[PDB]
Amino acid sequence: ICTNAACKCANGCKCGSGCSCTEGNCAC
Ligand SMILES: [Cd+2]
Ligand SMILES: [Cd+2]
Ligand SMILES: [Cd+2]
């Protein structure tokens with residue numbers, strides 16, 4: 001799954017094949 005630990009989503013985000021954040025830049 002989204003390996004980007006910089007992501008702070010909750011059970012619901014489709015961060016499976018559409019990540020768009022960097023290391024210290026999460027704007028989901
Ligand atoms: Cd994110
Ligand atoms: Cd997400
Ligand atoms: Cd992500």
# chains A, B, ... in the order shown; residues from 1 in each chain; ligands from 1

call {"tool": "residues_near_ligand", "arguments": {"ligand": "ligand 1", "cutoff": "6 Å", "atoms": "only C-alpha atoms and all ligand atoms", "output": "compact mmCIF listing (two decimals) with N, CA, C and O atoms, in the first residue's frame"}}
result
# COMPACT_ATOMS: atom_id res chain seq x y z
N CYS A 7 2.04 10.42 4.33
CA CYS A 7 0.61 10.53 4.10
C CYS A 7 -0.11 10.31 5.43
O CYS A 7 0.24 9.41 6.19
N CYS A 21 2.25 12.94 -2.99
CA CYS A 21 2.79 13.65 -1.84
C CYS A 21 4.28 13.32 -1.73
O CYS A 21 4.73 12.29 -2.22
N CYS A 26 2.21 16.52 2.33
CA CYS A 26 1.02 15.73 2.09
C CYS A 26 -0.17 16.68 1.94
O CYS A 26 -0.48 17.43 2.87
N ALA A 27 -0.80 16.62 0.78
CA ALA A 27 -1.94 17.46 0.50
C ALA A 27 -3.04 16.62 -0.16
O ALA A 27 -3.49 16.93 -1.26
N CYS A 28 -3.45 15.58 0.55
CA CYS A 28 -4.48 14.70 0.05
C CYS A 28 -5.83 15.42 0.16
O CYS A 28 -6.40 15.83 -0.85

call {"tool": "closest_atom_pairs", "arguments": {"of": "chain A", "to": "ligand 3", "cutoff": "8 Å", "atoms": "only C-alpha atoms and all ligand atoms", "output": "CSV"}}
result
residue,atom,partner,partner_atom_place_in_ligand_line,distance
A:2,CA,ligand 3,1 (Cd),4.9
A:3,CA,ligand 3,1 (Cd),7.0
A:4,CA,ligand 3,1 (Cd),5.3
A:5,CA,ligand 3,1 (Cd),7.5
A:6,CA,ligand 3,1 (Cd),7.4
A:7,CA,ligand 3,1 (Cd),5.0
A:8,CA,ligand 3,1 (Cd),7.9
A:9,CA,ligand 3,1 (Cd),7.7
A:15,CA,ligand 3,1 (Cd),4.8
A:16,CA,ligand 3,1 (Cd),7.3
A:18,CA,ligand 3,1 (Cd),7.2
A:19,CA,ligand 3,1 (Cd),4.2
A:20,CA,ligand 3,1 (Cd),6.2
A:21,CA,ligand 3,1 (Cd),6.2
A:26,CA,ligand 3,1 (Cd),7.8
A:28,CA,ligand 3,1 (Cd),7.7

call {"tool": "write_last_selection", "arguments": {"atoms": "N, CA and C atoms", "output": "CSV table (one decimal), in the first residue's frame"}}
result
chain,number,residue,atom,x,y,z
A,2,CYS,N,0.2,2.4,0.0
A,2,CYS,CA,0.9,3.7,0.0
A,2,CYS,C,2.1,3.6,1.0
A,3,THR,N,3.3,3.6,0.5
A,3,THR,CA,4.5,3.5,1.3
A,3,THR,C,4.8,4.8,1.9
A,4,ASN,N,4.3,5.9,1.2
A,4,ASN,CA,4.6,7.2,1.7
A,4,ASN,C,4.0,7.4,3.1
A,5,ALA,N,4.9,7.3,4.1
A,5,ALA,CA,4.5,7.5,5.4
A,5,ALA,C,4.2,9.0,5.7
A,6,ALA,N,4.5,9.8,4.7
A,6,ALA,CA,4.3,11.2,4.8
A,6,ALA,C,2.8,11.5,4.6
A,7,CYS,N,2.0,10.4,4.3
A,7,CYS,CA,0.6,10.5,4.1
A,7,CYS,C,-0.1,10.3,5.4
A,8,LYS,N,-1.1,11.2,5.7
A,8,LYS,CA,-1.9,11.1,6.9
A,8,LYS,C,-3.3,10.9,6.6
A,9,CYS,N,-3.7,9.8,5.9
A,9,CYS,CA,-5.0,9.5,5.5
A,9,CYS,C,-5.6,8.5,6.5
A,15,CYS,N,-5.3,5.7,-1.5
A,15,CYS,CA,-3.9,5.9,-1.7
A,15,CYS,C,-3.3,4.5,-2.0
A,16,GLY,N,-3.8,3.9,-3.1
A,16,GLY,CA,-3.3,2.6,-3.5
A,16,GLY,C,-2.5,2.7,-4.9
A,18,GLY,N,-2.5,6.1,-6.7
A,18,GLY,CA,-2.7,7.5,-7.0
A,18,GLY,C,-2.1,8.4,-5.9
A,19,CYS,N,-0.9,8.1,-5.5
A,19,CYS,CA,-0.2,8.9,-4.5
A,19,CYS,C,0.3,10.2,-5.2
A,20,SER,N,0.3,11.3,-4.4
A,20,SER,CA,0.8,12.6,-4.9
A,20,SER,C,1.2,13.4,-3.7
A,21,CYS,N,2.2,12.9,-3.0
A,21,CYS,CA,2.8,13.7,-1.8
A,21,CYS,C,4.3,13.3,-1.7
A,26,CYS,N,2.2,16.5,2.3
A,26,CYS,CA,1.0,15.7,2.1
A,26,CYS,C,-0.2,16.7,1.9
A,28,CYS,N,-3.4,15.6,0.6
A,28,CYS,CA,-4.5,14.7,0.1
A,28,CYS,C,-5.8,15.4,0.2

call {"tool": "decode", "arguments": {"residues": "chain A", "atoms": "N, CA and C atoms", "output": "compact mmCIF listing (two decimals), in the first residue's frame"}}
result
# COMPACT_ATOMS: atom_id res chain seq x y z
N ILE A 1 0.84 -1.19 0.00
CA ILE A 1 0.00 0.00 0.00
C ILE A 1 0.88 1.25 0.00
N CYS A 2 0.23 2.40 0.03
CA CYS A 2 0.94 3.67 0.03
C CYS A 2 2.09 3.57 1.03
N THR A 3 3.30 3.55 0.50
CA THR A 3 4.49 3.46 1.33
C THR A 3 4.85 4.84 1.90
N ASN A 4 4.33 5.86 1.25
CA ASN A 4 4.58 7.23 1.67
C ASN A 4 4.02 7.43 3.08
N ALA A 5 4.91 7.31 4.06
CA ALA A 5 4.51 7.48 5.45
C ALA A 5 4.20 8.95 5.71
N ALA A 6 4.51 9.78 4.72
CA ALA A 6 4.27 11.21 4.83
C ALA A 6 2.78 11.48 4.62
N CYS A 7 2.04 10.42 4.33
CA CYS A 7 0.61 10.53 4.10
C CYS A 7 -0.11 10.31 5.43
N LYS A 8 -1.09 11.17 5.68
CA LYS A 8 -1.86 11.08 6.91
C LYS A 8 -3.34 10.93 6.57
N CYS A 9 -3.65 9.82 5.91
CA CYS A 9 -5.03 9.55 5.51
C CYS A 9 -5.61 8.52 6.49
N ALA A 10 -6.90 8.29 6.35
CA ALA A 10 -7.59 7.34 7.21
C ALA A 10 -8.29 6.29 6.34
N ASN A 11 -8.54 5.14 6.95
CA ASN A 11 -9.20 4.05 6.24
C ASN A 11 -10.32 4.62 5.38
N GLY A 12 -10.01 4.79 4.10
CA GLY A 12 -10.98 5.32 3.16
C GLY A 12 -10.29 5.90 1.92
N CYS A 13 -9.11 6.47 2.16
CA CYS A 13 -8.34 7.07 1.08
C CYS A 13 -7.94 5.96 0.11
N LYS A 14 -7.98 6.30 -1.17
CA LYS A 14 -7.63 5.35 -2.21
C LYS A 14 -6.15 5.52 -2.57
N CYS A 15 -5.34 5.69 -1.54
CA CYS A 15 -3.91 5.86 -1.73
C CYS A 15 -3.30 4.50 -2.03
N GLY A 16 -3.76 3.90 -3.12
CA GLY A 16 -3.27 2.60 -3.53
C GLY A 16 -2.52 2.68 -4.86
N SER A 17 -3.03 3.53 -5.74
CA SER A 17 -2.42 3.72 -7.04
C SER A 17 -2.68 5.14 -7.54
N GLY A 18 -2.47 6.10 -6.65
CA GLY A 18 -2.67 7.50 -6.99
C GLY A 18 -2.11 8.41 -5.90
N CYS A 19 -0.86 8.14 -5.54
CA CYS A 19 -0.19 8.93 -4.52
C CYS A 19 0.33 10.22 -5.17
N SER A 20 0.32 11.29 -4.38
CA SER A 20 0.78 12.58 -4.86
C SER A 20 1.24 13.44 -3.69
N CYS A 21 2.25 12.94 -2.99
CA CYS A 21 2.79 13.65 -1.84
C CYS A 21 4.28 13.32 -1.73
N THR A 22 5.00 14.21 -1.07
CA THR A 22 6.43 14.02 -0.88
C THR A 22 6.75 13.82 0.60
N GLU A 23 8.04 13.71 0.89
CA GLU A 23 8.49 13.51 2.25
C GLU A 23 8.39 14.82 3.04
N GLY A 24 7.20 15.05 3.59
CA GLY A 24 6.96 16.26 4.36
C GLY A 24 6.02 17.21 3.62
N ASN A 25 5.33 16.65 2.64
CA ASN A 25 4.39 17.43 1.85
C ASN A 25 3.20 16.55 1.45
N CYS A 26 2.21 16.52 2.33
CA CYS A 26 1.02 15.73 2.09
C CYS A 26 -0.17 16.68 1.94
N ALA A 27 -0.80 16.62 0.78
CA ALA A 27 -1.94 17.46 0.50
C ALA A 27 -3.04 16.62 -0.16
N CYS A 28 -3.45 15.58 0.55
CA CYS A 28 -4.48 14.70 0.05
C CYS A 28 -5.83 15.42 0.16
